[PDB]
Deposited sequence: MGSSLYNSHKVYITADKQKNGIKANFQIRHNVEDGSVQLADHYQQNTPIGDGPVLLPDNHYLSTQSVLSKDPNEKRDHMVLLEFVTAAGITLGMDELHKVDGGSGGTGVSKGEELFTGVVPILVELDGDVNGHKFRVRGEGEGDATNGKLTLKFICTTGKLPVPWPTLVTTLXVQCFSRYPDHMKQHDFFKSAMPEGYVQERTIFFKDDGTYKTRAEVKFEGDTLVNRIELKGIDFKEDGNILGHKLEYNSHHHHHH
C-alpha cells in the first residue's frame, strides 16, 4: 500500500497494423498479504481507415478507486478512474464535455459464464470517469478487481504538447478494437476482444472475455483478494 499509486501503461506504436500495442503489469493484493502479478499485453487497431494519430513512445498514468453503493443489493462495483498521459487529428472534438458511457461484457471463465453491464460518464479534459458496474447474471465468479482493465483509454487527459499522440481519440467515432492477453502468475489467463465506438453520442465498450486454465482454488476462482 502506497499513498500516491500510479500504474503506468506503456504505449508503443505498431506501424504494422496501423495501431498501437502496450505492455504493463498489474498487482492485486491478496488477503494473506502476498501479491498477485497480472501481466498485460495489449493490441489496439482502428476500425475505419481514416487518418489516425500514430504516436511516439509515451505512457498513460492511471489511478483507480473502487467503492460500493450501500443501497444497491446486486453484485456490483463503483469505479472512479483518473488517467493522464506523459513523455516529452480531431476525434478529440466530442471529448470536450461530459460524455455518457455504456460498457457491456460477455464472459466465460473455466466454463463459469456471466455478464456485466456498466454505465456512467467520463470527462476526457479532466482525465476522469465514473462508472457503476452491475453483474447482470448474479454473482461474479472472479474478483471485481481483475476486470477493471478490461472494463476506455480515449478518456485520457493528453497535455497540449502530446495532443498528436492521442491515437484513441483520433480513431473516433469509427472507433477501435482493443485486444489484451492477461497472464496471471501461477494461475490462469484472460483473452479479451473489445470494440470501443460511438453509438449516438454515448460511448460504448463491448467486450468478449475468455478465461483459461484457472485453479479453482487459486487467488481468482477462490476470491482471495483484498477487495472482497
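> Comparing the deposited sequence with the modelled residues, which stretches have no C-alpha coordinates?
Counting from residue 1, the stretches without coordinates are 1 to 2, 91 to 109, 173, 251 to 257.
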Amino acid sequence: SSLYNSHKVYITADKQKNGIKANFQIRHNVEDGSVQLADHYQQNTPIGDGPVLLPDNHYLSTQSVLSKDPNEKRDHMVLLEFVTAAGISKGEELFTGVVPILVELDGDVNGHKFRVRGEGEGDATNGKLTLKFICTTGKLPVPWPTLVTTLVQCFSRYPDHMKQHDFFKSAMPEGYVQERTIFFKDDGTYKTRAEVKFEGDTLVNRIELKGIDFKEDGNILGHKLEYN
From here on, numbers count along this sequence of modelled residues.
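> For the stretches 140 to 148 and 124 to 132, which has the higher mean C-alpha B-factor as given in the deposited record?
Between 124 to 132 and 140 to 148, it is 124 to 132 that shows the higher mean C-alpha B-factor.
> Determine, for stretches 11 to 19 and 202 to 210, which one has the higher mean CA B-factor as deposited.
Going by the record's values, the stretch with the higher mean is 11 to 19.
> If you check the C-alpha B-factor for each of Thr84, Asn110, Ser89, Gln153 in the entry, which is highest?
When the deposited C-alpha B-factors of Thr84, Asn110, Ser89, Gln153 are compared, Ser89 is largest.
> Compare the CA B factors listed in the entry for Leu94, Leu102, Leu105, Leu80 and report the winner.
Checking the PDB record, the top C-alpha B-factor among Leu94, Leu102, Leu105, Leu80 is at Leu94.
> Ordered by C-alpha B-factor within the chain, which third holds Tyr59? Give me lowest, middle or highest, please.
It belongs to the middle third of the chain when residues are ordered by C-alpha B-factor.
> Select lowest, middle or highest to describe the third in which the CA B-factor of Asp39 falls within its chain in this entry.
Tercile = lowest for this residue's CA B-factor.
> Considering only modelled residues of the same chain, in which third does the CA B-factor of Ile26 rank: lowest, middle or highest?
Middle third, going by the recorded CA B-factors of the chain.
> Is the Cα B-factor recorded for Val177 in the lowest, middle or highest third of its chain?
It belongs to the middle third of the chain when residues are ordered by C-alpha B-factor.
> Taking the chain's C-alpha temperature factors as the reference, tell me which third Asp69 falls into: lowest, middle or highest.
For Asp69, the deposited C-alpha B-factor lands in the middle third.
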